Amino acid sequence: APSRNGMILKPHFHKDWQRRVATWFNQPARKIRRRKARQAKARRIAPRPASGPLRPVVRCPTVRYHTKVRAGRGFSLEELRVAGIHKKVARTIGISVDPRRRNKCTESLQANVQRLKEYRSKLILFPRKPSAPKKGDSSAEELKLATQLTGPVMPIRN
Amino acid sequence: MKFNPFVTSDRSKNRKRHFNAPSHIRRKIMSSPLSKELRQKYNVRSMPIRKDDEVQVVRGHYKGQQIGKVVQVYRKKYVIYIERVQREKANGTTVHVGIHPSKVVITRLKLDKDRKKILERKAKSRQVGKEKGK
Amino acid sequence: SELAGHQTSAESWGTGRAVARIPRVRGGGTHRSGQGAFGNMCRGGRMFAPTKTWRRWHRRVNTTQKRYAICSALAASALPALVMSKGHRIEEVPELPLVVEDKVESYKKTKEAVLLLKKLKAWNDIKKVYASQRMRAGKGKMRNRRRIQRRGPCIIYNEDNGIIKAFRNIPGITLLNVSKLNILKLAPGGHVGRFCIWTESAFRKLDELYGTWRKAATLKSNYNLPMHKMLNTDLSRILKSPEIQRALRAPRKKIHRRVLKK
RNA sequence: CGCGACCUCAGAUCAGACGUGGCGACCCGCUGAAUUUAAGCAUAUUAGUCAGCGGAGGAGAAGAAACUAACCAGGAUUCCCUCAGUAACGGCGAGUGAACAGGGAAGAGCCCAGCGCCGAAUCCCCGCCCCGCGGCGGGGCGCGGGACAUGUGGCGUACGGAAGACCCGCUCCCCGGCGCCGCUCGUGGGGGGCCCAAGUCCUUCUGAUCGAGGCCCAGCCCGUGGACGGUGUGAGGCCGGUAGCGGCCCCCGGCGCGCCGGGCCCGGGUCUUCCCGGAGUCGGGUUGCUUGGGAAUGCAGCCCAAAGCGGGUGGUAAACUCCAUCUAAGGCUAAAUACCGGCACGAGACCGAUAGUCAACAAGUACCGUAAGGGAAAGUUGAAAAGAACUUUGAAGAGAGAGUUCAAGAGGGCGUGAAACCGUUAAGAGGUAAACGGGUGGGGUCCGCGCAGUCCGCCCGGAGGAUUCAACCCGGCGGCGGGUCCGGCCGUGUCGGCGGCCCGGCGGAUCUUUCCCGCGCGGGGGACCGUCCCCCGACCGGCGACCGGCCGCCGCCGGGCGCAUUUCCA
RNA sequence: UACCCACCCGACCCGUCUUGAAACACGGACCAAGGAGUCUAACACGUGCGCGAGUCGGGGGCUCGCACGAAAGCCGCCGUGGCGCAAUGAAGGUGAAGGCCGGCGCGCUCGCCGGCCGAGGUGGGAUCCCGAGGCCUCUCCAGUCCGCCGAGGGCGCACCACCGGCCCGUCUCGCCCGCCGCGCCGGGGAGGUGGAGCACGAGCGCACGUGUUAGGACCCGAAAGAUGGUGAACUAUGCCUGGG
RNA sequence: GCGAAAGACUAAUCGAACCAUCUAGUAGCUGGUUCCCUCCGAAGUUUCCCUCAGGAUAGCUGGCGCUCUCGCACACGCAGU
RNA sequence: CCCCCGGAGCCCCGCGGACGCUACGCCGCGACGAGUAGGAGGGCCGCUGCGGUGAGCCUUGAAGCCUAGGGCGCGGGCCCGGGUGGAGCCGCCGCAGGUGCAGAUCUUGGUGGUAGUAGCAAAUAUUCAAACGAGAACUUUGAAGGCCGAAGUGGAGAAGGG
RNA sequence: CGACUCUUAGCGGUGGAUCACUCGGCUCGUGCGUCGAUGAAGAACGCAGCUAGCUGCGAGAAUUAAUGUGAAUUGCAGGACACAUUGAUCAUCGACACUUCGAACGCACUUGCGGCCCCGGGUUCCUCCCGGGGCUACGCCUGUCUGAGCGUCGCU
Ligand SMILES: [Mg+2]
Ligand SMILES: [Mg+2]
Ligand SMILES: [Mg+2]
Ligand SMILES: [Mg+2]
Ligand SMILES: [Mg+2]
Ligand SMILES: [Mg+2]
Ligand SMILES: [Mg+2]
Ligand SMILES: [Mg+2]
Ligand SMILES: [Mg+2]
Ligand SMILES: [Mg+2]
Ligand SMILES: [Mg+2]
Ligand SMILES: [Mg+2]
Ligand SMILES: [Mg+2]
Ligand SMILES: [Mg+2]
Ligand SMILES: [Mg+2]
Ligand SMILES: [Mg+2]
Ligand SMILES: [Mg+2]
Ligand SMILES: [Mg+2]
Ligand SMILES: [Mg+2]
Ligand SMILES: [Mg+2]
Ligand SMILES: [Mg+2]
Ligand SMILES: [Mg+2]
Ligand SMILES: [Mg+2]
Ligand SMILES: [Mg+2]
Ligand SMILES: [Mg+2]
Ligand SMILES: [Mg+2]
Ligand SMILES: [Mg+2]
Ligand SMILES: [Mg+2]
Ligand SMILES: [Mg+2]
Ligand SMILES: [Mg+2]
Ligand SMILES: [Mg+2]
Ligand SMILES: [Mg+2]
Ligand SMILES: [Mg+2]
Ligand SMILES: [Mg+2]
Ligand SMILES: [Mg+2]
Ligand SMILES: [Mg+2]
Ligand SMILES: [Mg+2]
Ligand SMILES: [Mg+2]
Ligand SMILES: [Mg+2]
Ligand SMILES: [Mg+2]
Ligand SMILES: [Mg+2]
Ligand SMILES: [Mg+2]
Ligand SMILES: [Mg+2]
Ligand SMILES: [Mg+2]
Ligand SMILES: [Mg+2]
Ligand SMILES: [Mg+2]
Ligand SMILES: [Mg+2]
């Protein structure tokens, strides 16, 4: 029974809500279950970017988010045979590989190739064995670091 | 303040851990201090009371200075009986009166193979921590 | 429970058997037969509107609101009138914004922490706290809230270098890190002005923690102290300055008892 | 009229395995209402919900695009915030009602068939030995079987692949054991066992205290321990415990080196020759349920029923027409995600015996119903039974004495012991039922008194008796206020120093890439402005923000003052 | 004042629905304990507080085994996003400025070029400012200080009434256009009218109150409907087998 | 279901069993709705409604305010006249 | 000259201000006070719990209960006196509610008046003596009178009971 | 002062309120995430020196061995034990054991009937008979054996 100038108020409680109410008293304890995992995973893969593998630079689709730039799903294939990184190997050196990205432009290609050239340079490959062959960076730049990169590796700043 | 979670500190929960406590546990709970003389010689503060230890009553109506020997241990009634600790019933038939070990002092332990390794490992533990803090 | 007094299967045979029209328990050869269930009135039954779990338990405050609740909390930790008026037994303390050396961060035996609170003449607060021990009044006894006492002096420290181990046994003492201040412990009970004992390292950071007046916080993102609705908070001096006194109508204090009409 | 292959198909208490049932909070298939709402009601709504039924797991399902989009484009699934109560649906009413993008949690990708290549390169079960045996396996040896040519294994699967040619660069992992070395985060991984500070000190209460004063700093001691429980009250110290990178002993977990047994000749980039995709499916017609999906979102049944520059999608049917974007008809997959069942725990601004679960107890018990089902009531002696010996009356139940107790005015359904109601004692009343409101009077129980209640407090006057000062100076201490702002410290407004400016930083789409580092961009320096800090000088608010001297006054202490003073008392 | 008693006056038994209850209207023997406007969400206005053209708050994140912690603190996350900062049209879409002056197109109430001012005006308007004149002051006059009264005169907030103006939709009518294109192209004008509009802002968040709803919804109350189940030991028949 | 038929009977139940659930079904209709004091204080009329035991809107009511006025020798405004 | 209150001596004192000034305190004037439904305000009105605080109270006696005991408040209620009772409890400043009962043919439990009343009336029937026993109309034995009258109140079974 | 009645109070009953307790709930977190044809969940019947119920157990039955633990158990008995001893008791539990139903399994539900193997008595397999042990359910897989078919053939 309306009275004197309210709104129309279609509220959705006709169905049965009391049964399927989800209260959030887990909320602060879930903050902690995740925090241990986040930590226990970083201590498990000790020298490694804690954030995870490297993701590519990428533009947001619709015209309202035109001008932003994101961290994409994985570096594309067309990108990779420009920097000269085999597609199956990159999965093993912390490079997200997305075999599903149609490259339409050279602008976003080179901009995104640069991160892969940049990754190589500041990448330290612990060699396969202690006494191991080429492409494993020397022992000088092996003692220098055990540093997990807290936070995203090379964060994409708009 | 207690810190360790996985301990209770709950008014009714460890009242329940008491009067449902099995006989194996109830030994440690029915422990009574040792007299100043022994407490010097062994470096042991307290002991589970035994069947034939000697004892002085310290509190209660007939606290005194006479040294009786324990007779039995009502671990179910959770209280001990002593030597001349006794009252006269209506028919003259005397009964013992229970005494809680916490309200009694041991004056001469009844030694054993079992009891000695207890007194050693109690003392060795007491001076291990004093060496750890040192 | 969602099932309080709601697992009975009572029908309310009614209106012609002279009894009540209340849902009464079916059949049986017990007492609980023709009794009355699903009623707030009746034995068994349920309550009115069973307390449900999704009551809005938790509350909210604006960020700046609960920041500026700490400024007024701290500013009143000075001003011994406000402090003593909370019954914090500060009569021998050498100065009210009591600063201590940063040796205190490294004490590791309650003996030293007890010795410090004597030389600063802060014992008397724990002394008071020591005397306020007793049993709570109500049914709170049989729910793990048995004993109660006053609050003691709070101690603030910039780094836990062992100090919280020292001042841990002394009752009433709470430890508050500077970078993590807490209205619920600086101003217990929504009253203002509790005793605080700052260490030197923490006393420096305070202006860099949340700001002086003509400078940013530089540890919080964007925050500065609140301004004043008025500066000269005293008006006894305002009201007898020559500026005000000069421009005043002269008083009227010849209280005119009413005249009886003859 | 025989014997022999194979194809179909039987029988075995044949050799070896495996399935059923239970639980059911969460999960996955299907089935599927009506109360209700619309103020009637049939569409709608309740609601793809309850019940029904099937099936699982420690999570399930989903999942590697026949996607989203229209952008300078994104990139498996699941969850959270958001989109948004919005696009749409609807007797366009009641009501219903998504997604995309963006942020975040997490983040992992992969296999077949086919087309082909390879001497079936394969797999299973037997029998002997070698190791291993409480998740039955590896190693070898056998004309010991059998499956398989109606198709097993290796490469390979669309992100391309194979095969070739030549371009470049040089080769450890896997598993079965056998050991051994570091016990490997709650700050020694999981579990078990046993262990680790300090008063029963003085006095005093009391039935008994764990209480009240006291005790070398809130008293003694300990305090990395002051949580809790026990104990004849209210205990850090009496007892268990508590804290503690505290100790010790087993077991289990998991990771690290060695030995052995076996498996494995496994790359990377360039040019050419071919090689390709899942049919009674897609799609269309139609009918029914479903979504919000509309000239049909999804699902079905029936009918029709494909294609190979094809097919699907591109959210109003249709033709023509261009673009975009995927690759269906086959399969596997951890992580965030859910848990009113179960094991094991922890906590609470919760309830406190008609409350809290039906259940604090022999409770899903007693009991009812043929049965499906229904389903209670009921906690407390004391601290210790010390639970009333004995004498006596009585057939006995019950008493009277006695005794135990701090208490039986705590006696076995016994703490406290209310009201209704009843019993008797005391007092007062009583023909208009009682009760009641206003007003007094009479009587009572007590209560205040008085064995005068004459209530006190100043000041003063008088008469008695007693101690020391006030008044005054002198010594000391301590204040107050004052101004000379006098000397110094302090801060407000202003000015000067351009002095901190780089020995002050932070901020800024300010400016320079003359710079530096890294790859036009990023980082760093240098220029600029706004802001915050040093030197000194001046004016002024000289501000409770002080310090020192000088002064004036006060007070206290100590001296001096001995009595027309100054106090006390009556 | 409260216990008992006495008297004089007054005086019908409460709850309830009701035009009307002491009612020959209904509930009520008595006494104990229990017992009824709750929570959530969504609006709305009022009020308090923080910040203010912004302001958050959530989810995340960074910090603990919580004792107090499942707290507090912090984060270009702080704006991804919501709400606000802008409307109006069904939609393609457009989108809040005028005034003035001078100069130039014929000032043509039309089009263009340089300068000034910038949210227009009228009437009330709390009201501040300016104030003629007074009113004394122990003398006659002189005269600077201090206020009181103060006719009259000015700025004029907030708000109200009105007239103007601008944005968008629609209409009418009419003019000149610009030209990367050609005008079934786009662009401007005058007058009226539709609008939840602008016309130098007031929101956001957090509390609390009141009210209205959706919720079991202030408590108790149907006759029913639906889904699954259990019954022929009574009784209704049929059958089988016995007995009278 | 069963009925030589009365809507009979179906475990004290029959014009449609009993049990549990959906379920706290719905009620414009009865009944109840818990401490004091202080201030203000109604309606039973209007139009519309499958409206006539109910609502919607009018009034009448209260609360909250605000804008001013000037009894501060110096008032405009209103009105059951 | 016509002087200074650290003193004019004060009915005005402007040099310093109440006892009074919890500044949401205190005070002086007037006016006015019916009330259902309803609204609003105030409640040192009350109930339970939490954060504070009361150097609160407490085995020299807390809660509750009981009181022809002394009183305060318009009242909600409150304070004291005694008594019994045997372990905890309240005041103030804030926060939170499952917060106040006469009533609902209310729920559960308890208890009255009715009332020592209705009632212990279907099938004809008992009596004497003894025994036992604390105790006999009612048991047991004896004696007498009687009924059931073999389609039984007699002698055996089924189902059911256990 | 007769009795009755009423009011009030003192005490006494009746009744169980209030109050104070609480080995119980409720709620919210956390870790784990554990059934069964080698016979589950559930049900029946048994089992203590004196034992009905709850609980604990399964003819080895108020427990068995084992390992920690280290002197009780208790209502009363009664006891072994040597408390210098697996050592009383409790906890753990990893050795062993598991009556009858129950998916329940030879066929049936009366508790009745069988079959097939074995080993005791009987027999001297002589068949019963008596006693004891192992099998005998449905569905399905792989393999194995014995087969059937005017199914396709081949050889004859
Ligand atoms: Mg991440
Ligand atoms: Mg209940
Ligand atoms: Mg199953
Ligand atoms: Mg309806
Ligand atoms: Mg209706
Ligand atoms: Mg209807
Ligand atoms: Mg319908
Ligand atoms: Mg539906
Ligand atoms: Mg279901
Ligand atoms: Mg799966
Ligand atoms: Mg799958
Ligand atoms: Mg997606
Ligand atoms: Mg919105
Ligand atoms: Mg729907
Ligand atoms: Mg092949
Ligand atoms: Mg100890
Ligand atoms: Mg203690
Ligand atoms: Mg205690
Ligand atoms: Mg399809
Ligand atoms: Mg539908
Ligand atoms: Mg279209
Ligand atoms: Mg697929
Ligand atoms: Mg009870
Ligand atoms: Mg009770
Ligand atoms: Mg109960
Ligand atoms: Mg009781
Ligand atoms: Mg009781
Ligand atoms: Mg007593
Ligand atoms: Mg008692
Ligand atoms: Mg009693
Ligand atoms: Mg009398
Ligand atoms: Mg009438
Ligand atoms: Mg009448
Ligand atoms: Mg009626
Ligand atoms: Mg119907
Ligand atoms: Mg009516
Ligand atoms: Mg009134
Ligand atoms: Mg209480
Ligand atoms: Mg007691
Ligand atoms: Mg409550
Ligand atoms: Mg009540
Ligand atoms: Mg006859
Ligand atoms: Mg017979
Ligand atoms: Mg009486
Ligand atoms: Mg009584
Ligand atoms: Mg009871
Ligand atoms: Mg054949």
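Residue numbers (the authors' numbering), protein chains in the order written: chain L, 2 to 159; chain Y, 1 to 134; chain C, 55 to 316. Cβ atoms here follow ideal geometry from the backbone N, Cα and C, with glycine treated the same way.
For chain L, find out if any of its Cβ atoms is closer than 8 Å to the Cβ of residue i; answer yes or no.
i      : result
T105/C : no
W67/C  : no
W177/C : no
Taking Cβ positions only, does residue i come closer than 8 Å to chain C?
i      : result
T107/L : no
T24/L  : yes
Looking at the C-beta of residue i, does it have a partner C-beta in chain Y at a distance below 8 Å?
i      : result
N236/C : no
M95/C  : no
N198/C : yes
Can you give the beta carbon distance from residue i to residue j, rounded, assuming they're within the 8 Å contact cut?
i             : j      : result
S186/C        : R200/C : Not really, about 14 Å apart at Cβ, beyond 8 Å.
residue 318/C : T253/C : Since the displayed chain C opens at 55 and closes at 316, residue 318/C lies outside it and no answer follows.
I25/Y         : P101/Y : With a Cβ gap of about 14 Å, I25/Y and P101/Y do not count as contacting.
What does DSSP give as the partner residues of residue i in its beta bridges?
i      : result
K69/Y  : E54/Y
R87/Y  : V95/Y
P48/Y  : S31/Y
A64/C  : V79/C
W252/C : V153/C, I210/C
Inset, instruction - Residues of the segment 36 to 57 of chain Y with a CB closer than 7 Å to any CB of chain C: list them in chain order, please. - result: Taking 7 Å as the cut-off between beta carbons, none of the residues of the segment 36 to 57 of chain Y comes near chain C.
Legend entry - Contacting positions in the segment 8 to 27 of chain Y - beta carbon closer than 8 Å to chain C: Within the segment 8 to 27 of chain Y, contact with chain C at the beta-carbon level (separation under 8 Å) is assigned to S9, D10, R11, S12.
Inset, instruction - State whether the segment 152 to 170 of chain C contacts the segment 223 to 232 of chain C, with contact taken as three or more CB pairs (one from each stretch) at a distance under 8 Å. - result: Because the criterion of three Cβ pairs below 8 Å is met, the segment 152 to 170 of chain C and the segment 223 to 232 of chain C touch.
Inset, instruction - Give a yes or no on contact between the segment 121 to 129 of chain Y and the segment 89 to 104 of chain Y, applying the rule of three or more CB pairs nearer than 8 Å. - result: No contact exists between the segment 121 to 129 of chain Y and the segment 89 to 104 of chain Y.
Legend entry - At least three beta-carbon pairs within less than 8 Å, the segment 86 to 105 of chain L to the segment 64 to 77 of chain L: The segment 86 to 105 of chain L, when compared against the segment 64 to 77 of chain L, does touch it at the 8 Å Cβ threshold.
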